[PDB]
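Architecture and fold: a report
What follows is the residue order along each chain.
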Amino acid sequence: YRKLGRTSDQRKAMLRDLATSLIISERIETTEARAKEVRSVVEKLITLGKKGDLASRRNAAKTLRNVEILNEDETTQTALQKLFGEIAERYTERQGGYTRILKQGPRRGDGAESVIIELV
Amino acid sequence: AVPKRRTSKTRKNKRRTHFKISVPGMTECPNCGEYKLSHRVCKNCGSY
RNA sequence: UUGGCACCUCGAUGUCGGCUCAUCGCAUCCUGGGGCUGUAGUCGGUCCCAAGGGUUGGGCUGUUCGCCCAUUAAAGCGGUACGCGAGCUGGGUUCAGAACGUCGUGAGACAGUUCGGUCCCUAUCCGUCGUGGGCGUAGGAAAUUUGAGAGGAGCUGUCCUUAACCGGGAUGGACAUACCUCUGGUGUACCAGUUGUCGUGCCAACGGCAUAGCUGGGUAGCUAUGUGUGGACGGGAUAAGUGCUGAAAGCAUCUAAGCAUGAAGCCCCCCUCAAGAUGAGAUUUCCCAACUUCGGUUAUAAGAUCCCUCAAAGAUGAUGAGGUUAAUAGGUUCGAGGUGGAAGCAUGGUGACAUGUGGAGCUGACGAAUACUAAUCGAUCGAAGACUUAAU
RNA sequence: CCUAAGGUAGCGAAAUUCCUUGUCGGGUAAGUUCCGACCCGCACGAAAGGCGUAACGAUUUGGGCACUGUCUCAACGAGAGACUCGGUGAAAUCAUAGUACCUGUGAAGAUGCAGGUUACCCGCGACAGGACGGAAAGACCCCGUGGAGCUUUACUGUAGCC
RNA sequence: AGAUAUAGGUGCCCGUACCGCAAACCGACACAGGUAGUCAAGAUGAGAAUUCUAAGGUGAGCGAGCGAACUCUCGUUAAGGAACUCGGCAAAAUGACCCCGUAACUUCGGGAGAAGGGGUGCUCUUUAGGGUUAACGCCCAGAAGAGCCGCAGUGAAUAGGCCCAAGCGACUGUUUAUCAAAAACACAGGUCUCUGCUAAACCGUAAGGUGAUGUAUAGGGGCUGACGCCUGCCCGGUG
RNA sequence: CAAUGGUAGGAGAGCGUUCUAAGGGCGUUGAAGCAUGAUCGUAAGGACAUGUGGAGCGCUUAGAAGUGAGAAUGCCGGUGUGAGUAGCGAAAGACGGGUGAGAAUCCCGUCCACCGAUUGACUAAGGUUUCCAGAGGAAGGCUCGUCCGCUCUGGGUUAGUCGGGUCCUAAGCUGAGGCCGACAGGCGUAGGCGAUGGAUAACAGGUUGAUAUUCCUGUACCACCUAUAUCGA
RNA sequence: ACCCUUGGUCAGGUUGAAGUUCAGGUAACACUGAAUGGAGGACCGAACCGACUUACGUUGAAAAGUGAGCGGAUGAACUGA
RNA sequence: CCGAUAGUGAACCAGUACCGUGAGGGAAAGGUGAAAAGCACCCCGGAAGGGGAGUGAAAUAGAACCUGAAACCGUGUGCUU
RNA sequence: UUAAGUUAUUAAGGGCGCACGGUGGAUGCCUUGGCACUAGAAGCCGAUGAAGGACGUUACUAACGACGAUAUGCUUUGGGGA
Ligand SMILES: [Zn+2]
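Going by the header, the method for this PDB entry is cryo-EM, and the resolution given is 2.9 Å.

Dropping the structure here:
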C-alpha cells in the first residue's frame, strides 16, 4: 500500500473523494500514484454493487460520499443509487477489470506525471 | 566545515562531468507521423 | 613521575574525570611450553621462551587514586597531544551574585569553605565506509571459474571416569554469525468492545473529530530476551629446552659437519573478498557479410539497452522476477492465518437485553488458479579480427 | 608575669574544624555524603545579635513507598527534514594547486623534502582522524615612565562648615 | 448689589474611505514575537476550564515521489525495576465529584486534600419534597430495591504523586531586561541618635522649594530584623 | 695587466610618466587609446606592421612635480569559489467546468477539513489611499500566475443631535508687573493653556461597486429669530 | 526605573474571623452551645501578569524565541491615556 | 590648478535617496549623431526579443546609444592525455 | 592454423595553443562643474512685517524655475526690429 505523502486519516479521506469522483464523472485526471491506488478502492466497490443485497449496500456507504447527481430534466440521484443501479448492470459479466489507466506527460508546475482513469 | 582552498576551474569541470541530461524515449506515432513519448498518449490528435 | 632548559605555537596548538570507538609495545595478570628447587603428593617459590585470544558488576567520593561488598581462569602494566569536545557530556577547576571562618584602617582578599550559574560550525581536500559510470585486457558476446594477494576467526570453567601426571567423556559461561518453525515484541488501509459531540430528514444501521479518542486481541514483514550453528580434528617449520652420533682437545662434550625431538605462537588447514593480479589468466558455448579504390567503410549478427509491470533487491543508480509466443502487478475466484458470532428477520422479556437462523460476517502484505485492466506500436547501441619470429 | 580588660550563658567537626574519610553509635551486602552523640572551638559567641522555633519556600542536603526505555540492551511503528525528480536559489571561507602512506629529515609533530612502499580515469550517498580545520590582531601570563572605576592615617589642593 | 401658544424660519468649523491580535501598526522581510477596550450562541459542566459544533470566517504563496542511514517530534514494548547518573535529569505514575477515615508538633489559627480505603454505566419498579402556577404542567434535587452488559462505567478530554528527617531565611512580597531568583534585598517589631520650628535633613549660585498646609505619640539618619527566652566583661586607643 | 656574491646602510649614472618654454614636425590618404605579432637595447624600456578607433599627438634642448604598487585583517567598483549545494517561515485538500499563448497555484461548483472566550463582529492608537471599478504582467511576490496590499487611468469619505472646538477644570506647562543671578538665564503672582475626568439636543427602516445615527422615507427633540411684571450678579 | 494626575480589568468554586442574636447557666458576671454575620498582603483554579526545569533552536521563524511542564492570581496586584 | 574614484558632499531636480525618537550622519549617478534625418514596410512571436528593408560616413553610432582593458563565462577546433 | 613477443586504435572528461563571442567599465579624448587668486566696486536686511518657508496660479499639469488671488504675470519710460 502506498502512503501518498499524507497521514493515514488524510489518505483515507482523499480516496473516498477520488472514488466518488469516478462514480460521477466516469473519467478523471489525477497523478499516477493516486491512480494506481484508487483503482483498488473503486473496484472493490463495483463488486459490492453487482453483489446486490442490503448488507453490501450498507458496506458501500462506509466509503462513498453524500453527493447528488443531476440527471437529465431534473431527476436527481445519489452516488450510491447510481452505483447499485446503473454501474452494476453493464459490469455484470466482466470478472475483474472495470477500470483503465492511461498515462500522459509531466504537468507543468511540477513534473508530476499526469494520468487519466476511466471505467471499462 | 568550510573550504580550505578555492576550487580551480579544472577541478570544477571534472565534477560536472556527469551533470547532464538525456533525451526522452520519444518514438514516432503511427497515426500521425510525429513524436510522442513511449507508453504515453500522443499530444496531437490524442490516440493510443 | 617530580624537575632542569625556554627551541615550536600569544592576528588562540580546548583543561580534569566520565561516555563512545579503538589501536600498538611487552618489562606476562590468565591460558600454552620449559630449567632449577630447601619439588614426597595436592599447592608453591623463583628464572627462561611466549603478545593468539581473553582480561567483572556494584557501595562511597566530580573525582583520578584509594577503601570496602560480591564474584572470576584472570581483575596485567604502559604509549598513542597524560589517544579520542568540527564524536558526546560538563560533575571538579580559575567569570559576574551572595554568605561563614580568617586577614586588612579600607577598597578588598584566601594562608579556606558554602549555595547558584550560556559548550558555536550546512565537510572544500587527503583519510575511510559503502555504491555507480568510462576506458582498457588486439574480433564482438553469454556463462562458469583458478587464486598472486588480502581480511576474518583464535578464549576456557566444572563435573564423571581412569582411581595426582599423562589418557578418555558430559555438559556450561562469555563472545561471534545466520534465521523466524517455537516462546515473546511491534504491527497508523486487520477484527472486535466502548465514551462525548456534530452529521447522513427520523427509528435502526453508519460516517467525521477527540494522541490511531480510548481499550481487548492480531496476519506478513522487521526483530531478541527466542531458535540453530561455530572456534573441531590435524599437519609443516621452529622458540626456550631435552637429546643421539661426533670430533677440534689421544679423554670429555647436544655442535663445528651430520640426526632427531619440542609451544595457545609462525606458515597452512576452516570462513569470506579477490584478474585494473596493466603480469589484466583459464575452460565451453554463440555470431561471422556487403562495399571499396583496395588503405577502408557501413550498417547489421549473436548479444544487450531504452521505455514499461514489478520485489526476494534498493538513498539513487546497480541486482533480480517479467513484457502478449505473457501469470509481472492489480481486479476476480477459492484458501491459510487473525477476529469471535454481522446485517435483516423471528422468538422470549414490561424493559436494558438474551436465544436461534449460523464457527456467522468481515478481513492489508501470505498460498494457489484465472488474461478481465496495464506491461501497445517502436527506437538506440553492438563484429568482420595489426606485424614480427618460430614451428605446423 | 602582663592588660583597658582577659569570652559569661547558650551552642559546637558547624553554610565555621585545617589535621580530617576525627571517634563512637544508627542507617546499606559494601556509606569520604547523611542523622545522633562526644569536646582536642587551626580560627563559635550574644543587636556587622546568641540560642530556640509552628506555619510558609519553582531554597540546599539525606533516606523510603509508588513508578517507570534512565539503565541491563535494545527492537518495531507514525510524521517532519535528509534522499530522487520538476521550479527557484544563498552564505562563511579561498597565495597558485595534477592535494597517498610509512620510517626519517627539518623552526626539534610534513599532501608538497629523502629513501622506500602503494595507487587505471570521473561521480554519488555516508563518517569525522588530520589539514597545528573556520570564527574573535588571547580575556590567561609578562611588558608600556598606556587608560579607567574604587580606597585610605600617600602627596598636593578644593566645595563646604566653624 | 443692581438693571429695564400656535404659525413660519436660522443653525458654522474639524474627523468620517480602508487595515486595525494584523500581509496596511512596532519588529530591516507578505517575519511562529509585541499591541488598550466592547460583544461573545448550543451540548457537557461550578465554570469565560475541557472535547465537539453555531453565527461567521479559513484551507496557510513551492510542489511530486520514495518510504535508507542519522537528527528531530510522537506511540508501544518480554523479564528486571534507579543496577543509570555529579544528581531519578527526562519520562512514567497521581489527578474530577461522593462517602468513610486521618499522626506528631503547634504561636491554638493550623498541620489537612495529612496519610489510608470504598464507590461511579444502563433498564424497571416505589418513595419522601422544593421553585413557579387555580390545576395540569413546567423546572431542580434525593433514598431504598430488583435486575442487565463488558477486560474495563469521572469507559474520551481537561483537573495534586506521597512520606520520613536535617541546614538556611519567620511569613506574602522584590532583584542581576539578554548565563545567577537565592541563604542576597524588603519587611512587621526592636534599639541608638540628631531636630523647639524660617526645625534638623536635602536640592539650588541665589531666589524659590521638599520636609509639611506636619509640630517631639512628629520628622531625618545609623544598625538590627516576626514571635519565644535572653544579650556577659573592657572607656586604656579612636570617634 | 688587475678587479666585479651581498642584508642594514653610503655613494654614482640612468630609464619612464603629466604639465610649461623655445625650436622644428606628424595627423580624416586616419592622432591618442585598445588588441595581436617570430623585433631592438647591458637593464628600467624603444620601435615597426596589421586590426579596431574617430581628433588630436610625438621629437630636441631646458624647466617644474599630486612622478612609477603585489602586499597595510588597506578603500571603492565587479567577478569568481563554495554550488545547482543549504533553505523556500508552524496547520488538508480533492475532483469537475470555465477562462487563456501558457494552469497543482486564477474564477465558479460540489464534497471534505480547520477555528469558534475566536482564524468571528466592533472599535482606540498608529499607518496614510493600502479602499472601489476597468485594464496589465517588466520588476516585487522565497515556486508559478491569466492573479494581487504590485503597475496603469478613472473614481470613492455628505452630520444643529456621533467624537472634538465656538463650555469646565486636574497633574503639568506657561506667566503683566515682580524676586534672583558674570552673561545666557533660573524661579514665581494675578491671569491663561491643558482630558485619560464632569457637562451636553436622534431614533428605526431602506439604499451603492465604494459612505451612512451623515444620503432617502417616516416620526422626533434642542438653541435662537420674526409675526401673532420681567431680566438679575 | 521611580513618581504625579485621571481611568479600566480580575470566569468559577472553597474556607468561615470579629461582632451580633437566641437557649442554658449565675447574686451578678464569667462562661459553652446554636444560628447569624462575611474578615483575610487566606485557599483552589481560567483570563491576565511573571520566568524555576528541560528538549529544540544556535549563517535561528526570533539580535532572547518556541513546545511541555512550572509560580502568583483582592493585592506592597496588573494595566491605559 | 582638477578633468568624472579627480575637482565642492553635490558637473546629474544634493544637503537629495537612504539611516536615526532626536541632535546629527550622508551617497551613487556625465558623453547617440554634423543634423532626429530616432529604423515607413514585410517576416517569426501573446509580448519582449530578433532577421531583413530603409535613414546616415558609419546602426554593435538604435537612446543603459564615444572608445571598450582585465578578472570571469562560453562555442569551434591543431597537438596532447 | 597454433604458439611466444611487441606495439597501436578510444577521450566520458581534462590540459596547452589559436580563432570567434559575451559580461564588465579600466584607459584615451572631451566639458556644463568646481579650486586658488588679482583689480575695481559693495559691506547690511526688518513692525512700511525680514531671512527661510507653506499653499497656490498654465488650454491639458507629477516635477523644477518664474510670481501671487491683478498669480506661467499688470502699467509706464527707454533700448531693440521678426
Ligand atoms: Zn499522433
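Having seen the model, we can carry on.
With respect to the protein's contact with RNA strand E
Residue and element names in this part refer to chain A. Lining the immediate environment of RNA strand E, one finds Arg2, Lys3, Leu4, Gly5, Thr31, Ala33, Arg34, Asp110 and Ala112. Atoms of RNA strand E within 4 Å of the protein: sugar and phosphate make up 67%, bases the balance. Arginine 2 is positioned such that a nitrogen or oxygen atom in its side chain is 3.2 Å from a phosphate oxygen of RNA strand E. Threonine 31 has a polar side-chain atom sitting 3.4 Å from a phosphate oxygen of RNA strand E. Class assignment for the residues of the surface near RNA strand E results in 3 nonpolar, 2 polar and 4 charged.

Let's talk about the pairing of strand β4 (residues 100-106) of chain A
Each regular strand shows side chains that alternate between the opposite faces of the sheet. Residues and elements named next belong to chain A. The sheet contact formed by β4 and strand β5 (residues 113-118) spans 5 bridges and is antiparallel. Counted as the bridge partner of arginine 100 is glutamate 118 from β5. Where β4 folds back on β5, the antiparallel hairpin that results is connected by 6 residues.

Some thoughts on the pairing of β5(A)
Residue and element names in this part refer to chain A. In terms of residue burial, β5 counts as a mostly covered element, since 6 of its 6 residues are buried. Burial along β5 is two-sided: the face carrying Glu113, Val115 and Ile117 and the face carrying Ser114, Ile116 and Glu118 are both buried. Taken together, the 4 bridges between strand β1 (residues 28-31) and β5 define a ladder with antiparallel strand orientation. Following the sheet pairing, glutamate 29 is matched in β5 by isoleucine 116.

Side note on the protein's contact with RNA strand F
What surrounds RNA strand F is a group of 24 residues, the closest being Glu29(A), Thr7(B), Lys12(B), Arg15(B) and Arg16(B). The sugar-phosphate share of atoms of RNA strand F within 4 Å of the protein amounts to 82%. Note that a base oxygen of RNA strand F is positioned 3.2 Å from one of the side-chain N or O atoms of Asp17(A). Looking at the surface near RNA strand F, the elements with two or more residues in it are α1 (8-25) and β1 of chain A together with α1 (9-15) of chain B. For the surface near RNA strand F, the element with the highest residue contribution is α1(A), accounting for 6 residues.

Description of the packing of α1(A) against helix α2 (residues 32-49) of chain A
Residues and elements named next belong to chain A. Between α1 and α2, whose axes approach to 9 Å, the crossing angle comes to 70°. On the basis of the axis angle, α1 is roughly perpendicular to α2. Across from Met14, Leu15, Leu18, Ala19, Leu22 and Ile23 in α1, the residues of α2 making contact are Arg34, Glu37, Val38, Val41 and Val42. By residue class, the composition of the contact of α1 with α2 is 9 nonpolar, no polar and 2 charged.

Definitions and cut-offs
- Residues numbered from 1 in each chain as written, not as in the entry; some residues may be left out.
- Chains lettered and ligands numbered in written order.
- Part of a larger assembly, values for the part shown.
- Heavy atoms only, no water.
- Residues with missing side-chain atoms left out of burial classes, pairs and counts.
- Near = heavy atom within 4 Å.
- Polar contact = N/O pair within 3.5 Å; in protein donor to acceptor, adjacent residues only side chain to side chain.
- Nonpolar A, V, L, I, M, F, W, Y, C, P; charged D, E, K, R; others polar.
- Pairing = 2+ DSSP bridges.
- Helix = DSSP H or I, 4+ residues; strand = E, 2+ residues; numbered from the N terminus.
- Buried < 20%, exposed > 50% of the residue type's maximum accessible area, 1.4 Å probe, protein only.
- Axes fitted to C-alpha atoms, helices over the stretch in contact; angles between N-to-C directions.
- Parallel < 35°, antiparallel > 145°, perpendicular 65-115°, else oblique.
- Contact = heavy atoms within 4.5 Å.

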